[PDB]
Amino acid sequence: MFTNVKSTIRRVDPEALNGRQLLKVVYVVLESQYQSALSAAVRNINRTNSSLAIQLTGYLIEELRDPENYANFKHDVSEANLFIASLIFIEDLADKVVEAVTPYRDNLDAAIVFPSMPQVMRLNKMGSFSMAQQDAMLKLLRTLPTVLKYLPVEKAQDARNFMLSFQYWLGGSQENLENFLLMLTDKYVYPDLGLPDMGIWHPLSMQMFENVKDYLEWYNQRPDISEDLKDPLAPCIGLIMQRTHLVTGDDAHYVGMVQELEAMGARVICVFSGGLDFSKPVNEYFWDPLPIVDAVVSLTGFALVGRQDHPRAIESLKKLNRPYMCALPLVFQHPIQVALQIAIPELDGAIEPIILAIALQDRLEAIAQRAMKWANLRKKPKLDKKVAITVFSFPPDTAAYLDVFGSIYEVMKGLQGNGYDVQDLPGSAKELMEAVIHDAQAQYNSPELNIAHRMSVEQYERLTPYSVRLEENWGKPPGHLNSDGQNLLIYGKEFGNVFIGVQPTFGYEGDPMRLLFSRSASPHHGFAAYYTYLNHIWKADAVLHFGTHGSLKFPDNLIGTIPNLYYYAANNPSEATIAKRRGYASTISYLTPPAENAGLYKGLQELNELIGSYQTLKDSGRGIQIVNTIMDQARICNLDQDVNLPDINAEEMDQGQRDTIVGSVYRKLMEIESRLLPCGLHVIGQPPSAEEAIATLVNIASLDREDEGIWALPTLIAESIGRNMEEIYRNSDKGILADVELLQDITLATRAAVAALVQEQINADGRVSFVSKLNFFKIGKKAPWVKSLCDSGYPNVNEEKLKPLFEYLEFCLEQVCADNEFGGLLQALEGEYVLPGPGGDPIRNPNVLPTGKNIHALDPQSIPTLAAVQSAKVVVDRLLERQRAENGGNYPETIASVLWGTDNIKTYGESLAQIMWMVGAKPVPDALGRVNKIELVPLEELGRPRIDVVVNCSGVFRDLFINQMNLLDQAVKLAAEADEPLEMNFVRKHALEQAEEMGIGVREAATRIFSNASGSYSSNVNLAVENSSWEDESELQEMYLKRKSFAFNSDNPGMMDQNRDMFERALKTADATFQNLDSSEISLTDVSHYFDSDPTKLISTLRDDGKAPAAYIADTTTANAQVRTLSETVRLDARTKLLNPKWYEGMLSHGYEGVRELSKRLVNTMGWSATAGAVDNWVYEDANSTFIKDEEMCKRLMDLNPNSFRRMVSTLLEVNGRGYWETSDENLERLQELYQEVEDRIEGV
């Protein structure tokens, strides 16, 4: 009494209620410090708060004897919102408190019982949280963060709110207990009411920290943690989060993240910021001068900086030089929202440790474990570090233009040479392939994969907990795949701390020795075993993959917790993004082989020489019989499918139309001659020479660039002779000799001038920074490139415009020739930050150079650009022009189109803006420049009817650009609804006819934007053609109609439901199929995805009239946009790739893996015969002539790669077997024998 102030007052009531809500609180407590502290808190709220008043009644625990007191208590509990109890530790009364409260348990908005006898504690209740889910106080407080992970997010925030309320109580201050009461009033009584710039946070500290020293001083004083965590050697992880969630106190998932990491022995620094520039905290708090963090995990779901500012973000993350991981808040707490949001951190070079009832546990452990393995990598000593390198399709029957064993060998050397422990490194790439595939070339025995390990069912089942799930499709372990009968086989070879493994077939087509009835595919035990070995037996610290390998299309335990590092081609941002999101991929880019012009050969070179003779023989006199030879030759080269070659003598023509015969054939030969494509494979970290870069530099020099302030060289040359390049291109297309010649002359000039810059920089051999900035005028010389232009016959080219062009070209030459590819992997393995960069076409966007960067796509709202929209109007006018010219002059009513992510990333949304312009819509950018809106154009501006569309969206396009599918659907439906003449609006005309037949609205009948079901990709036509697993085309057409018939809906974007009835009806109306070519290197025969999505023959089946649609492929890779027919483009492929000696002599120069490339293009050619019949007989004929009939070659290919040869031979038999190739019975007997020869070498007898 004399030493502790007690109050006679038990009850506090507000003087005046006014317009304010009343909260009723009842406490029972032993400490009269806590009675009087509550009274003061309640009393201060009552006198300040303008919307809340509190009534407080309470008894010291003892006072509950005299039933006078116990009687009111009971009545007070009855009326009470909040119940509070603390330090009840007497049986007698405890049990009375239970009787009193238990009745009203559900009445009470919340009941809070702080450290007191067990009976009382069970009364605890705060939303969906009970006991089910001073030192005494600390003990229970510190345990609460551990519980959060095993609860769903809302049940967790209740438990966090409980923990937060215990922190305020143990705190015990007046404002502590005010906040206590206001928090509970806000979150569990009256929701509709109530409510430092940056710093460091910890759930278990009451105050924030404004510096690192104050934090670590507090951290090291923490009694509740192991000495292990205070140690500066301890792995430390940085978290970034939004201040808002700490104020709100909606932080349960953040608290669980800190607890998960601390449980794994990681020191944590959680920074926050009320701003949007998170570089500031990173730069202040993750440093002291050195980094004090081993990896960062962003939980903001935002860009580091910001407009969002990726350059400063990068410079900040590169100074830190640690792995930057990102976990979207949405992961914890919907389709358009995740696609738009996840794309941003990817441009900061983020890694995604979260793949894209359920408790936080799986997500929290995932992020933690994967962050902890990034740190281990930073800390484990080089000589102890184990790297596994996985390889797929060996033997083959992936990774574009890659010498896989070529590249692995360079990586292994680089790794040994940098201090990693590499044993028994072979003397050559070949010997290294030989160590993994015994007798790959089938010289002496059949090819046999090296067995690195035999896993016992016992070892498999113990280290593969999820093996049980595989039993449904694959039976008991070890099953029929990667099996000796007893054991699961791990194919690979140990080379010290580097392991080369061969991953098997994922087995999407299931065990052909098992009858199954499930629609839920899983990997086979062998596939599982392989990853089980890497992770839990061999215990890799990191794993390196090449391109897509086998998975990321057909779940977190296969990938594991160790860094997944991918080498992806710089030109495949789309599929690299898919790996980032499905695979926990960190993706280092490599360059595709330095491209060469395809050039002319045999028949085509003879034809070019005849054309050379023409201008002579015209002045000689006999300018006639040559045009009959030129035509007779063209007919032999099958150019008569590409140029109109009438059956008329040159005698029976005017000079005008004889010149045109030549002009037409010429511009088609120069198309072939000049096609810029790779002719071989790439080895990681073997960049091209300056000589090797020149063709790549010519096409870089051959595009106008507004954003760089510079012009194409051809543009400048044309302007020099008062001409425009758009004219010269169109007159070229028409086959006007003078202009076909002028284009070739301008092309040759452009080649010479750029070669002159590369020549100079070479024979300056480092003396000068940039030869392009040397002041030649000052010493009275022209630059070597200006000289070249003058010699080429163009002496008036504008030198003020040349200067910044040729400065740009010299910069591009540096990036094409740079060697960073190995450096990238090194940074990753050292646990550092790999510079992010744009994937794309290096010629169209040279910012894709140099390689060795962590390539990303782009902001899905950044496309289409105004430039892309203009470029689209050209390609649509040209498709319609040509489709008319081949059909009376009649516009088509419906164009069936495919959209890919890959081509849209590269052109900033051209192919996408084509479909917009077909229906006569335009995308509308907001102030900031984001494309989130779309309008129709008036028919005046369209100049023609609205063309109806079916738009087949690839699973990838859906995954990256579902926002853009939303815009397309809005556009189509507006068009169907537009008050316009049916004959001016084929969208409306078809939709009205359909709305009646189907008994639905015009709008619902305007459904045209389809894709795969979410989490599905391709029509599976690619699998069937790849495995010959189909009887008649109908099977292909059926699985298309099953899989690609899921309709996007802008008025309910979540629900993307199958609607095959609408799909069949819209396709029935199709007059033309359409796709855009990605690139010369990813053309129709280089991959299977193009033909996999080809609806051409499907349309001919669906149509009442059975008529096949006209098939077009747009090509916007050069300045000179073409809309070719599918046949034209497949033929172009054949002439520049499969049947081009430069191309097959290029690929075969790399040996075994060379043959694989030939096999690929043949097999993709087959596909086109199955989906479109777009393969002319001579393509198959010439292929058999080049590779089979020539017995010298035939032997070379079989010896080089039995597996890839058996493949080539099977294809040729097959296309004959299915009616697509007609050929000599002798030709089929040769093939039928050669199959049996190689069959024997590969399998036995």
# chains A, B, ... in the order shown; residues from 1 in each chain; ligands from 1
call {"tool": "select_by_dssp", "arguments": {"residues": "region 803-1023 of chain A", "states": "strand (DSSP E or B)", "output": "VMD selection string"}}
result
chain A and resid 836 to 838 854 to 856 894 to 899 921 to 925 931 to 936 946 948 to 953 985 1009 to 1011
call {"tool": "write_last_selection", "arguments": {"atoms": "N, CA, C and O atoms", "output": "CSV table (one decimal), in the first residue's frame"}}
result
chain,number,residue,atom,x,y,z
A,836,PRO,N,20.9,-8.7,-65.5
A,836,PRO,CA,19.7,-9.0,-66.3
A,836,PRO,C,19.8,-8.2,-67.6
A,836,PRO,O,20.6,-7.3,-67.7
A,837,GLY,N,19.1,-8.7,-68.6
A,837,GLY,CA,19.0,-8.0,-69.9
A,837,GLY,C,17.9,-8.5,-70.8
A,837,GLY,O,17.3,-9.5,-70.5
A,838,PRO,N,17.5,-7.7,-71.8
A,838,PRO,CA,16.4,-8.2,-72.8
A,838,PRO,C,16.9,-9.4,-73.6
A,838,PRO,O,18.0,-9.2,-74.2
A,854,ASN,N,21.1,-12.5,-67.5
A,854,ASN,CA,19.8,-13.2,-67.1
A,854,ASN,C,18.7,-12.6,-67.9
A,854,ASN,O,18.0,-11.6,-67.4
A,855,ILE,N,18.4,-13.1,-69.1
A,855,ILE,CA,17.4,-12.5,-70.1
A,855,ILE,C,16.0,-12.5,-69.5
A,855,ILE,O,15.7,-13.5,-68.8
A,856,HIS,N,15.2,-11.5,-69.8
A,856,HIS,CA,13.8,-11.3,-69.4
A,856,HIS,C,13.0,-11.0,-70.7
A,856,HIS,O,13.7,-10.5,-71.7
A,894,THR,N,-13.1,-14.3,-92.7
A,894,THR,CA,-12.4,-14.7,-91.4
A,894,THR,C,-11.0,-15.2,-91.8
A,894,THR,O,-10.8,-16.0,-92.7
A,895,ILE,N,-10.0,-14.6,-91.0
A,895,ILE,CA,-8.6,-15.1,-91.0
A,895,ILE,C,-8.3,-15.8,-89.6
A,895,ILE,O,-8.5,-15.2,-88.6
A,896,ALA,N,-8.0,-17.1,-89.7
A,896,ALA,CA,-7.5,-17.9,-88.6
A,896,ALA,C,-6.0,-17.6,-88.4
A,896,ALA,O,-5.3,-17.6,-89.4
A,897,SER,N,-5.6,-17.1,-87.2
A,897,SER,CA,-4.2,-16.7,-86.8
A,897,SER,C,-3.7,-17.4,-85.6
A,897,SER,O,-4.6,-17.9,-84.8
A,898,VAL,N,-2.4,-17.5,-85.5
A,898,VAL,CA,-1.7,-18.0,-84.2
A,898,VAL,C,-1.0,-16.8,-83.6
A,898,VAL,O,-0.5,-16.0,-84.5
A,899,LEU,N,-1.0,-16.7,-82.3
A,899,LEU,CA,-0.1,-15.7,-81.6
A,899,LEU,C,0.9,-16.4,-80.8
A,899,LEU,O,0.4,-17.3,-80.0
A,921,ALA,N,-9.6,-2.2,-84.8
A,921,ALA,CA,-9.4,-1.7,-83.4
A,921,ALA,C,-8.0,-1.1,-83.3
A,921,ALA,O,-7.1,-1.5,-84.1
A,922,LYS,N,-7.8,-0.2,-82.3
A,922,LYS,CA,-6.5,0.4,-82.0
A,922,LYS,C,-6.3,0.3,-80.5
A,922,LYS,O,-7.2,0.6,-79.8
A,923,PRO,N,-5.1,0.0,-80.0
A,923,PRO,CA,-4.8,-0.1,-78.6
A,923,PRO,C,-4.6,1.4,-78.1
A,923,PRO,O,-4.1,2.1,-78.9
A,924,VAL,N,-5.1,1.7,-76.9
A,924,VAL,CA,-5.0,3.1,-76.3
A,924,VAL,C,-4.1,3.1,-75.1
A,924,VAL,O,-4.4,2.5,-74.1
A,925,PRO,N,-2.9,3.7,-75.2
A,925,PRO,CA,-2.0,3.9,-74.1
A,925,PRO,C,-2.5,5.0,-73.2
A,925,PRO,O,-2.9,6.0,-73.7
A,931,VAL,N,-0.5,0.0,-72.0
A,931,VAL,CA,-1.6,-0.3,-73.0
A,931,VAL,C,-2.6,-1.3,-72.2
A,931,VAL,O,-2.3,-2.5,-72.2
A,932,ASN,N,-3.7,-0.7,-71.7
A,932,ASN,CA,-4.6,-1.4,-70.8
A,932,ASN,C,-6.0,-1.2,-71.4
A,932,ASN,O,-7.0,-1.8,-70.8
A,933,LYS,N,-6.2,-0.5,-72.5
A,933,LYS,CA,-7.5,-0.1,-73.1
A,933,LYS,C,-7.5,-0.3,-74.7
A,933,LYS,O,-6.4,-0.3,-75.2
A,934,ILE,N,-8.6,-0.4,-75.3
A,934,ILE,CA,-8.8,-0.6,-76.8
A,934,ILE,C,-10.1,-0.1,-77.3
A,934,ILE,O,-11.1,-0.2,-76.6
A,935,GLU,N,-10.1,0.6,-78.5
A,935,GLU,CA,-11.3,1.1,-79.1
A,935,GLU,C,-11.4,0.6,-80.6
A,935,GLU,O,-10.3,0.2,-81.1
A,936,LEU,N,-12.6,0.6,-81.1
A,936,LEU,CA,-12.8,0.4,-82.6
A,936,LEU,C,-12.3,1.7,-83.3
A,936,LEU,O,-12.4,2.8,-82.7
A,946,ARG,N,-14.4,-4.7,-91.6
A,946,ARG,CA,-13.9,-5.4,-90.5
A,946,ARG,C,-13.8,-6.9,-90.8
A,946,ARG,O,-14.8,-7.5,-91.2
A,948,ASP,N,-13.4,-10.7,-89.7
A,948,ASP,CA,-13.6,-11.6,-88.5
A,948,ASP,C,-12.3,-12.4,-88.3
A,948,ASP,O,-11.5,-12.5,-89.3
A,949,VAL,N,-12.0,-12.8,-87.1
A,949,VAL,CA,-10.8,-13.6,-86.7
A,949,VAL,C,-11.1,-14.7,-85.8
A,949,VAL,O,-12.1,-14.6,-85.0
A,950,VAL,N,-10.4,-15.9,-85.9
A,950,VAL,CA,-10.2,-16.9,-84.9
A,950,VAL,C,-8.7,-16.7,-84.5
A,950,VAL,O,-7.9,-16.7,-85.4
A,951,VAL,N,-8.4,-16.4,-83.2
A,951,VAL,CA,-7.0,-16.2,-82.8
A,951,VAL,C,-6.6,-17.3,-81.9
A,951,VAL,O,-7.0,-17.3,-80.7
A,952,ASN,N,-5.7,-18.2,-82.4
A,952,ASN,CA,-5.2,-19.4,-81.6
A,952,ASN,C,-3.9,-18.9,-80.8
A,952,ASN,O,-2.9,-18.7,-81.5
A,953,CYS,N,-4.1,-18.7,-79.5
A,953,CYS,CA,-3.0,-18.2,-78.6
A,953,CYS,C,-2.3,-19.4,-78.0
A,953,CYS,O,-2.9,-20.4,-77.5
A,985,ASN,N,-18.7,-5.4,-92.2
A,985,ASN,CA,-18.4,-5.9,-90.8
A,985,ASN,C,-18.6,-7.4,-90.7
A,985,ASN,O,-19.7,-7.8,-90.2
A,1009,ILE,N,-11.2,-15.6,-79.2
A,1009,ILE,CA,-9.8,-15.7,-78.6
A,1009,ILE,C,-9.7,-17.0,-77.8
A,1009,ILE,O,-10.1,-17.0,-76.7
A,1010,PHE,N,-9.0,-18.0,-78.4
A,1010,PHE,CA,-8.9,-19.3,-77.8
A,1010,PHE,C,-7.4,-19.5,-77.4
A,1010,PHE,O,-6.5,-18.8,-77.9
A,1011,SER,N,-7.2,-20.5,-76.5
A,1011,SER,CA,-5.8,-21.0,-76.1
A,1011,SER,C,-6.0,-22.5,-75.6
A,1011,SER,O,-7.1,-23.0,-75.7
call {"tool": "residues_around", "arguments": {"residues": "region 990-1006 of chain A", "least_positions_apart": "3", "cutoff": "8 Å", "atoms": "only C-alpha atoms", "output": "PyMOL selection string"}}
result
chain A and resi 948+972-973+976-977+986-987+1062+1065
call {"tool": "atom_distance", "arguments": {"atom1": "CA of residue 285 (chain A)", "atom2": "CA of residue 340 (chain A)"}}
result
29.4 Å
call {"tool": "residues_around", "arguments": {"residues": "residue 600 (chain A)", "least_positions_apart": "4", "cutoff": "8 Å", "atoms": "only C-alpha atoms", "output": "JSON, numbers by chain"}}
result
{"A": [604, 605, 669, 672, 673]}
call {"tool": "write_last_selection", "arguments": {"atoms": "N, CA, C and O atoms", "output": "PDB file, in the first residue's frame"}}
result
ATOM      1  N   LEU A 604      20.637 -23.257-108.657  1.00  0.00           N
ATOM      2  CA  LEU A 604      20.325 -21.835-108.345  1.00  0.00           C
ATOM      3  C   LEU A 604      21.483 -20.918-108.772  1.00  0.00           C
ATOM      4  O   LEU A 604      21.182 -19.780-109.200  1.00  0.00           O
ATOM      5  N   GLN A 605      22.747 -21.354-108.636  1.00  0.00           N
ATOM      6  CA  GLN A 605      23.926 -20.502-108.965  1.00  0.00           C
ATOM      7  C   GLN A 605      24.026 -20.416-110.498  1.00  0.00           C
ATOM      8  O   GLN A 605      24.287 -19.295-111.022  1.00  0.00           O
ATOM      9  N   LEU A 669      15.795 -15.271-106.257  1.00  0.00           N
ATOM     10  CA  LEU A 669      17.145 -15.856-106.046  1.00  0.00           C
ATOM     11  C   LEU A 669      17.871 -15.031-104.980  1.00  0.00           C
ATOM     12  O   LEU A 669      18.597 -15.624-104.162  1.00  0.00           O
ATOM     13  N   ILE A 672      16.854 -15.889-101.577  1.00  0.00           N
ATOM     14  CA  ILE A 672      17.571 -17.120-101.133  1.00  0.00           C
ATOM     15  C   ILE A 672      19.015 -16.732-100.792  1.00  0.00           C
ATOM     16  O   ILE A 672      19.412 -16.926 -99.619  1.00  0.00           O
ATOM     17  N   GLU A 673      19.748 -16.165-101.758  1.00  0.00           N
ATOM     18  CA  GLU A 673      21.168 -15.729-101.596  1.00  0.00           C
ATOM     19  C   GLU A 673      21.338 -15.045-100.236  1.00  0.00           C
ATOM     20  O   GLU A 673      22.225 -15.482 -99.459  1.00  0.00           O
TER      21      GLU A 673
END
call {"tool": "closest_residue", "arguments": {"among": "A:736, A:1114, A:712, A:225", "to": "residue 804 (chain A)", "atoms": "only C-alpha atoms"}}
result
A:712
call {"tool": "closest_atom_pairs", "arguments": {"of": "region 385-450 of chain A", "to": "region 562-572 of chain A", "cutoff": "9 Å", "atoms": "only C-alpha atoms", "output": "Markdown table"}}
result
| residue | atom | partner | partner_atom | distance |
| --- | --- | --- | --- | --- |
| A:399 | CA | A:568 | CA | 7.0 |
| A:400 | CA | A:569 | CA | 6.8 |
| A:401 | CA | A:569 | CA | 8.3 |
| A:402 | CA | A:569 | CA | 8.7 |
call {"tool": "select_by_dssp", "arguments": {"residues": "region 161-307 of chain A", "states": "helix (DSSP H, G or I)", "output": "MDAnalysis selection string"}}
result
chainID A and resid 161:171 174:188 212:220 227:230 243:247 252:263 279:285
call {"tool": "closest_residue", "arguments": {"among": "A:1149, A:1177, A:428, A:1122", "to": "residue 1197 (chain A)", "atoms": "only C-alpha atoms"}}
result
A:1149
call {"tool": "atom_distance", "arguments": {"atom1": "CA of residue 1244 (chain A)", "atom2": "CA of residue 473 (chain A)"}}
result
29.5 Å
call {"tool": "residues_around", "arguments": {"residues": "region 1043-1053 of chain A", "least_positions_apart": "5", "cutoff": "6 Å", "atoms": "only C-alpha atoms", "output": "PyMOL selection string"}}
result
chain A and resi 966+969+1009-1013+1019+1058-1060+1063
call {"tool": "atom_distance", "arguments": {"atom1": "CA of residue 410 (chain A)", "atom2": "CA of residue 545 (chain A)"}}
result
14.9 Å
call {"tool": "residues_around", "arguments": {"residues": "residue 184 (chain A)", "least_positions_apart": "4", "cutoff": "12 Å", "atoms": "only C-alpha atoms", "output": "ChimeraX atom specification"}}
result
/A:23-25,81-84,108-112,125-127,158,161-162,164-166,168,177-180,188-191,194-195,249
call {"tool": "residues_around", "arguments": {"residues": "residue 1076 (chain A)", "least_positions_apart": "3", "cutoff": "12 Å", "atoms": "only C-alpha atoms", "output": "PDB file with C-alpha atoms, in the first residue's frame"}}
result
ATOM      1  CA  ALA A 872       1.021  -4.144 -88.493  1.00  0.00           C
ATOM      2  CA  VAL A 875       1.429  -6.454 -93.131  1.00  0.00           C
ATOM      3  CA  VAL A 876      -2.442  -6.593 -92.932  1.00  0.00           C
ATOM      4  CA  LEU A 879      -2.184 -10.057 -96.581  1.00  0.00           C
ATOM      5  CA  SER A 897      -4.228 -16.720 -86.842  1.00  0.00           C
ATOM      6  CA  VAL A 898      -1.731 -18.001 -84.232  1.00  0.00           C
ATOM      7  CA  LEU A 899      -0.116 -15.667 -81.633  1.00  0.00           C
ATOM      8  CA  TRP A 900       3.294 -16.555 -80.059  1.00  0.00           C
ATOM      9  CA  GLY A 901       4.953 -14.717 -77.134  1.00  0.00           C
ATOM     10  CA  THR A 902       8.469 -15.010 -78.701  1.00  0.00           C
ATOM     11  CA  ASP A 903       7.746 -12.935 -81.887  1.00  0.00           C
ATOM     12  CA  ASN A 904       5.729 -10.274 -79.928  1.00  0.00           C
ATOM     13  CA  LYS A 906      10.914  -9.212 -80.370  1.00  0.00           C
ATOM     14  CA  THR A 907       8.710  -6.759 -82.412  1.00  0.00           C
ATOM     15  CA  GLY A 909       3.666  -6.557 -80.378  1.00  0.00           C
ATOM     16  CA  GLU A 910       3.436  -6.404 -84.235  1.00  0.00           C
ATOM     17  CA  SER A 911       1.663  -9.798 -84.813  1.00  0.00           C
ATOM     18  CA  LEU A 912      -0.698  -8.778 -81.943  1.00  0.00           C
ATOM     19  CA  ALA A 913      -1.481  -5.334 -83.544  1.00  0.00           C
ATOM     20  CA  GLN A 914      -2.238  -7.121 -86.863  1.00  0.00           C
ATOM     21  CA  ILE A 915      -5.240  -8.931 -85.222  1.00  0.00           C
ATOM     22  CA  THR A1073      -4.634 -19.243 -92.004  1.00  0.00           C
ATOM     23  CA  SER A1079      13.221 -15.180 -87.065  1.00  0.00           C
ATOM     24  CA  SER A1080      15.350 -16.797 -89.849  1.00  0.00           C
ATOM     25  CA  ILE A1082      13.394 -19.930 -85.617  1.00  0.00           C
ATOM     26  CA  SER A1083      11.634 -20.430 -89.023  1.00  0.00           C
ATOM     27  CA  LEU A1084       8.990 -23.106 -89.840  1.00  0.00           C
ATOM     28  CA  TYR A1090       4.437 -23.615 -85.745  1.00  0.00           C
ATOM     29  CA  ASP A1094      -1.521 -24.948 -87.804  1.00  0.00           C
ATOM     30  CA  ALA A1111      -2.116 -20.294 -95.749  1.00  0.00           C
ATOM     31  CA  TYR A1112       0.148 -17.182 -95.279  1.00  0.00           C
ATOM     32  CA  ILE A1113       3.258 -16.558 -93.083  1.00  0.00           C
ATOM     33  CA  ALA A1114       4.235 -12.891 -92.487  1.00  0.00           C
ATOM     34  CA  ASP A1115       8.036 -12.141 -92.332  1.00  0.00           C
ATOM     35  CA  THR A1116       9.093  -8.765 -90.764  1.00  0.00           C
ATOM     36  CA  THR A1117      12.698  -9.782 -89.879  1.00  0.00           C
ATOM     37  CA  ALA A1121       8.231  -7.097 -94.916  1.00  0.00           C
ATOM     38  CA  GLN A1122       6.899 -10.104 -96.915  1.00  0.00           C
ATOM     39  CA  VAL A1123       3.612 -11.981 -96.631  1.00  0.00           C
ATOM     40  CA  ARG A1124       4.672 -15.302 -98.254  1.00  0.00           C
ATOM     41  CA  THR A1125       2.348 -18.340 -98.658  1.00  0.00           C
ATOM     42  CA  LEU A1126       3.031 -21.256 -96.242  1.00  0.00           C
ATOM     43  CA  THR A1129       8.082 -20.156 -96.724  1.00  0.00           C
TER      44      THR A1129
END
call {"tool": "residues_around", "arguments": {"residues": "region 42-54 of chain A", "least_positions_apart": "6", "cutoff": "6 Å", "atoms": "only C-alpha atoms", "output": "MDAnalysis selection string"}}
result
chainID A and resid 14 20:23
call {"tool": "closest_residue", "arguments": {"among": "A:829, A:699, A:526, A:1175", "to": "residue 677 (chain A)", "atoms": "only C-alpha atoms"}}
result
A:699
